[PDB]
J.: 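Below you will find the structure I want to go over with you.
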Amino acid sequence: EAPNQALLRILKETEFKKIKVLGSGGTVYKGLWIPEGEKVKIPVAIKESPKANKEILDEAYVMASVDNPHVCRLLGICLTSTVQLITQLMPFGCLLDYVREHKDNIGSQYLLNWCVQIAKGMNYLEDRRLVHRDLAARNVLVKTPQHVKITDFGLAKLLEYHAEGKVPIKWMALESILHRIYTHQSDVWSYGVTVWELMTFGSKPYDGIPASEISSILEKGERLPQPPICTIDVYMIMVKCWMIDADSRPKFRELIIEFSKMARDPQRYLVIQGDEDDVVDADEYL
Ligand SMILES: *CCC(=O)Nc1cc(Nc2ncc(Cl)c(Nc3ccc4ccccc4c3)n2)c(OC)cc1N(C)CCN(C)C
């Protein structure tokens, strides 16, 4: 492989301010990163034992090694006690909560554009030989309603397959459930489930079915149902992401092309009723 010359930035605790809690259950805070002597305020998210410190530094390693407009930005780490992961603040939350809270106001243009942007981010990760292993609507953050990015690389592995603990069964490819193989094509399966989440405005996949039953359901040939707004063109793409033969599933490069074609005439492919001073974003602080 090539030498990973990415830079790991160490940030002083004295450079962070206005810290409020965004969510917990670790904890994630919202705040402002003010680099000393820079006249710049960066809206940031701050994610917070030896085992906890090892895993958070693994995610810091991954996020420092990726740079793409549709992959979340790592700004640095802070070595205060428990290691803190400092990333770009995405002020509209995760896509899962966003489609649930704004169902009655999301048109076909936004849905298909999100599918394009997620596929662009995953295609970049594939270029970097990175398998996400946890692609889901909850792990796609919203910078603006027109710009989303993939997040949460706690399970990501650099690669061929990966052989592996606890995992999101209802988003995993069948070969990942049965024999624990993870590939870029197993990520494609998760992409199909993620699209199904968006097209259903936040429904839970296999709602009410225990995770221990998912592998037997998938082996029988059963899949997630066709969402009401989805034409057969869109649902066919999702079904192709859920093929048994991993090499028969679409490639991320191909998902970009197909969803971009659809985004040029979105109402032909999604049928939705009523469809007709010194603050600097991290994307501009290079
Ligand atoms: C799906 C939950 C969620 O993402 N909520 C959220 C997120 C942000 N913005 C943001 N920006 C960057 C990063 Cl790294 C994060 N990280 C994060 C991960 C997991 C998580 C779980 C629960 C709550 C927050 C959270 C954050 N997040 C944001 O910016 C304003 C707001 C929200 N909220 C408040 C959605 C509502 N909340 C889930 C109750």
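Numbers here are sequence positions counted from 1.
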J.: I'd like to check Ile46 versus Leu85 (side-chain heavy atoms, cut-off strictly below 4.5 Å). Are they in contact?
T.: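 No, too far: nothing below the 4.5 Å cut-off.
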J.: Which residue pairs satisfy the side-chain hydrogen bond (donor to acceptor under 3.5 Å, both in side chains) criterion with at least one member in residues 57-78, sequence neighbours excluded?
T.: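 As it turns out, the side-chain hydrogen bond (donor to acceptor under 3.5 Å, both in side chains) pairs with a partner in residues 57-78, which skip direct neighbours, are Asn4-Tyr61, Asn4-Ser65, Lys47-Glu59, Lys54-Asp58.
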J.: So which pairs with a foot in residues 215-226 pass side-chain hydrogen bond (donor to acceptor under 3.5 Å, both in side chains), sequence neighbours left out?
T.: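 Every pair satisfying side-chain hydrogen bond (donor to acceptor under 3.5 Å, both in side chains) with a residue in residues 215-226: there are none.
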J.: Nearest 0.5 Å, please: how far is CZ in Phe16 from CD1 in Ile34?
T.: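 With rounding to 0.5 Å, CD1 (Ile34) is 10.0 Å from CZ (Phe16).
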J.: Please identify each residue that fulfils salt bridge (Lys or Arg N to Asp or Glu O under 4.0 Å) with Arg180, with sequence neighbours left out.
T.: none
J.: Is it true that a side-chain atom of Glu48 and a backbone atom of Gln84 form a donor plus acceptor pair closer than 3.5 Å?
T.: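 Not at all, since once roles are kept as given, no pair shorter than 3.5 Å links the two residues.
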J.: Can you name the salt bridge (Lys or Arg N to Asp or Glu O under 4.0 Å) partners of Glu160, sequence neighbours left out?
T.: none
J.: Test of understanding: with side chain to side chain donor-acceptor pair (under 3.5 Å), list the residues that count as partners of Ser108, not counting sequence neighbours.
T.: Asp275
J.: By salt bridge (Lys or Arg N to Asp or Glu O under 4.0 Å), which residues pair with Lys261, not counting sequence neighbours?
T.: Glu258
J.: On a heavy-atom basis, which atom in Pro227 and which in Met238 lie closest, and how many Å separate them?
T.: CD-CE, 3.8 Å
J.: Please check: side-chain N/O of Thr200 versus main-chain N/O of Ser203, any donor-acceptor pairing under 3.5 Å?
T.: yes
J.: Taking only residues two or more places apart in sequence or in another chain, which ones pass side-chain contact (heavy atoms from CB on, under 4.5 Å) with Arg268?
T.: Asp265
J.: Could you tell me which non-hydrogen atom of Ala263 sits nearest to which non-hydrogen atom of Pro266, and how far apart they are?
T.: O-CD, 3.6 Å
J.: Please answer: with hydrophobic residues joined when any side-chain heavy atoms are less than 4.5 Å apart, are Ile229 and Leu95 in the same cluster?
T.: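 Yes, same cluster.
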J.: With side-chain hydrogen bond (donor to acceptor under 3.5 Å, both in side chains) as the rule and sequence neighbours excluded, what pairs involving residues 132-151 come up?
T.: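 Sorted result for residues 132-151: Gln88-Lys149, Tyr110-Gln146, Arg133-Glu164, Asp134-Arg138, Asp134-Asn139, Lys143-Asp283, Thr144-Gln146, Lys149-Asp283.
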J.: What residues form a ring-ring contact (aromatic ring centres under 6.0 Å, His included) with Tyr191, not counting sequence neighbours?
T.: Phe252
J.: Return the minimal non-hydrogen interatomic distance between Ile272 and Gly107, and the atom names on each side.
T.: CD1-C, 3.9 Å
J.: Could you pull out all residues at least two apart from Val239 that satisfy side-chain contact (heavy atoms from CB on, under 4.5 Å)?
T.: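 Listed in chain order: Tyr235.
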J.: Tell me if a side-chain donor or acceptor on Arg129 pairs with a main-chain N or O of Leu159 at a distance below 3.5 Å.
T.: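 Present.
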J.: Between the side chain of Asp281 and the main-chain N/O of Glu284, is any donor-acceptor distance below 3.5 Å?
T.: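 Between the backbone of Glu284 and the side chain of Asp281 there is no qualifying donor-acceptor contact (under 3.5 Å).
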J.: Name all residues meeting the ring-ring contact (aromatic ring centres under 6.0 Å, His included) criterion together with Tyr285; count only those two or more places apart in sequence or in a different chain, and write none if there are none.
T.: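 Only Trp33 meet the ring-ring contact (aromatic ring centres under 6.0 Å, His included) criterion with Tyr285.
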J.: By the side-chain hydrogen bond (donor to acceptor under 3.5 Å, both in side chains) test, which pairs, at least two apart or in different chains, include something from residues 166-176?
T.: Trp171-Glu197, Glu175-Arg249
J.: List the atom of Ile169, the atom of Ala211, and the distance in Å for their closest heavy-atom pair.
T.: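 Between these two residues, the closest heavy atoms are CG2-O, 3.5 Å.
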J.: Which heavy-atom pair separates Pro43 from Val280 by the least distance, and what is that distance?
T.: CD-O, 3.4 Å
J.: I need the minimum non-hydrogen distance between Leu7 and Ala64, along with the two atoms involved.
T.: O-CB, 4.0 Å
